[PDB]
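As structure tokens, the structure follows; a few thoughts come after it.
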Amino acid sequence: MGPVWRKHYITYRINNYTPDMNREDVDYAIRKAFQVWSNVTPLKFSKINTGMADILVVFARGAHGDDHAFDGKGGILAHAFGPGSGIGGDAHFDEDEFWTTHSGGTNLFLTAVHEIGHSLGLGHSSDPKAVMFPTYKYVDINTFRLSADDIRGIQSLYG
Ligand SMILES: NC(=O)CC[C@H](NC(=O)CCc1ccc(-c2cc(-c3ccccc3)cs2)cc1)C(=O)N[C@@H](CCC(=O)O)C(N)=O
Ligand SMILES: [Ca+2]
Ligand SMILES: [Ca+2]
Ligand SMILES: [Ca+2]
Ligand SMILES: [Zn+2]
Ligand SMILES: [Zn+2]
């Protein structure tokens, strides 16, 4: 198996905020994405406001210091690093997308759920109904549930 966090208690911090949304909408979306994987694992996630966090959430564009430049509106929407120190675990969102709480533009909550799965050590899935499938689709946020493949996936890593 790939790398996994060696603790079940895991912290994160939001480095900066997209102008597209209200700041409280960003905190919510992100807290909720974490909630998703917390609900199917022995993992506990604690947001820190200042200091060292295992997971840094970043909004940035084009070339942003990691070797994996983004690409303007469309195309790559976000990427994340598997578990590890430093940039390990970190999740970056392409500021050139228009981030929303709804079905217009790119939904942030949905993208976060996918990216946090990479931050936890997950690959892509070959199942289209899995959040870990390589492409973005909007699904009704109210009724959103992880797929059985996703759960098998995260549970083979932690538990
Ligand atoms: N070159 C590449 O490899 C780019 C791929 C690029 N992906 C990325 O950048 C990856 C980020 C990511 C991946 C997957 C998802 C989602 C999965 C689900 C889902 C939920 C329930 C059931 C089934 C699915 C909801 S959302 C969300 C975010 C992308 O999707 N791009 C869009 C382009 C959008 C546009 O131009 O507007 C696309 N759809 O192809
Ligand atoms: Ca892009
Ligand atoms: Ca990190
Ligand atoms: Ca934007
Ligand atoms: Zn990056
Ligand atoms: Zn991915």
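Numbering of ligands and ligand atoms starts at 1, following listing order. Numbering starts at 1 and runs along the sequence shown.
- At a threshold of 2.8 Å, the Zn ion (ligand 5) has no backbone or side-chain N, O or S atom of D90 nearer than that distance.
- Looking only at its N/O/S atoms, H92 has ND1 as the one nearest to the Zn ion (ligand 5).
- For the side chain to side chain contact (heavy atoms under 4.5 Å, CB included) with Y12, the qualifying choice from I55, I116, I48, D90 is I55, the only one to do so.
- Of the candidates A130, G75, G74, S147, the one placing a heavy atom closest to atom 31 (N) of ligand 1 is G75.
- In this comparison of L108, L77, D94, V139, the heavy atom closest to atom 21 (C) of ligand 1 sits on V139.
- Ligand-side atoms of ligand 1 in range of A78: 9 (O), range being under 4.0 angstrom from any heavy atom.
- At a cut-off of 2.8 Å, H68 does not coordinate the Zn ion (ligand 5) through any N, O or S atom.
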Would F81 and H118 count as a side chain to side chain contact (heavy atoms under 4.5 Å, CB included) if you check the C-alpha gap in whole Å, the side-chain angles of each, and the deciding distance to 0.1 Å? CA-CA 6 Å; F81 299 80; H118 292 304; over 6 Å; no
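- Checking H79 against the Zn ion (ligand 6), every N/O/S atom stays at or beyond the 2.8 Å cut-off.
- There is no protein heavy atom closer than 4.0 angstrom to atom 38 (C) of ligand 1.
- More than 12 non-hydrogen atoms from other residues, nucleotides or ligands lie less than 6.0 angstrom from OH of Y17.
- In this structure, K7 pairs ionically with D54, as a charged nitrogen and a carboxylate oxygen lie closer than 4.0 Å.
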